């Protein structure tokens, strides 16, 4: 089955400071973590990668990063892919996060809280989801829900 791994994170471990937000009282490097996947289901035509915190106290969690329309041959996202280190491959789109912009912005939980930061890769059965960069994480999620063949995730914990 689809497997997601990372050179930076380890499922269940504390999110390294390199991926923590650089503002809101924090001083992390704010760099998106490397992600890599294997064993993709037959019929996969594209992938969606997201970072979500289900514990943010907002009534709907918090989308930290949303990448859509990665081509069928994608098997990796280098560190900093969502931080402006690299130009986007043709057709790939980073959509809108709860930070009101596109791209990766890291963890920045409230005082005394410990939250889960879930990185997920979804293999879809369609080549392109029809959204533009203003699409919200829920709008991308609705598309993923109807087109997902498989998903795999890594969860990092972060507190303070």
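Positions refer to the first chain, counted from 1.
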Average Cα temperature factor in the PDB entry - higher stretch of 56 to 64, 111 to 119: 111 to 119
Between the two ranges 124 to 132 and 98 to 106, the one averaging a larger CA B factor in the entry: 124 to 132
Most elevated Cα B-factor in the entry, residues 35, 42, 48, 51: 42
Chain-relative CA temperature factor third for residue 78: middle
Chain thirds of CA B-factor: placement of residue 21: lowest
CA B-factor ranking of residue 9, expressed as a third of its chain: highest
Residue 138 CA temperature factor, ranked by third within the chain: lowest
